[PDB]
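First the structure, in the form of structure tokens, and then the observations on it.
None of the figures in this text is laboratory data; all of them are computed from the coordinates on show. Positions of Cβ are generated from backbone atoms using ideal geometry, with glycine treated the same way; all protein chains shown enter the neighbour counts.
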Amino acid sequence: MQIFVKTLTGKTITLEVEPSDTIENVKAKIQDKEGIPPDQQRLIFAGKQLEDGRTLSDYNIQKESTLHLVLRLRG
Amino acid sequence: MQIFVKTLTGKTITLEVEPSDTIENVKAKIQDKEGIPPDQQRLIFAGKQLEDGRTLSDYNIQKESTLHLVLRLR
């Protein structure tokens with residue numbers, strides 16, 4: 001399925017994910033597509049900071065939902 | 001010299017740079033520190049987006065200046 005990923009600047013990309021992906025898998029797919037380390041990715045949906053071990057579908061993330069990405073600057 | 005680099009939420013790093021460092025060099029220094037690819041970085045100084053082949057001193061970025069970093073999602 002396709003979701004959107006959006007930063008605080010409004011920049012938006014599309015990302016192919018599976019509903020059964022863990023958040024870690026989602027961050028890995030962002031890293032593959034964009035080169036951003038997973039530990040640098042804070043992903044937010046509907047108020048909540050998304051946790052790596054949880055699954056997208058369990059957060060009721062939907063087809064064409066948008067995750068918000070914030071840069072962590074962890075290094 | 002030291003400069004600061006900040007995200008839109010206020011996350012801050014320092015970098016060791018020279019006035020003659022190109023913007024490409026500085027992005028590569030950020031990649032070294034943070035793992036972020038240079039072509040994924042946009043750096044801004046006091047409203048002005050910094051261009052890869054120019055140097056810090058071109059923008060009158062002196063010691064202890066702050067730059068802001070955003071992702072390009074390129």
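Points worth noting:
- Taking only Cα atoms of chain A, radius of gyration then Dmax in Å: 11.1, 33
- Centroid-to-centroid, using Cα positions, the stretch A:1-26 and the stretch B:5-41 are 25 Å apart.
- According to the Kirkwood relation over distinct C-alpha pairs, the hydrodynamic radius of the protein assembly as shown is 16.2 Å.
- From its DSSP helices (H runs of at least four residues, each -39,500 (n - 2.57)), the protein assembly as shown gives a residue-normalised ellipticity at 222 nm of -5000 deg cm²/dmol.
- This model, with +1 at the C-beta of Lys and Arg and -1 at the C-beta of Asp and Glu, gives chain B a dipole about its Cα centre of some 340 debye.
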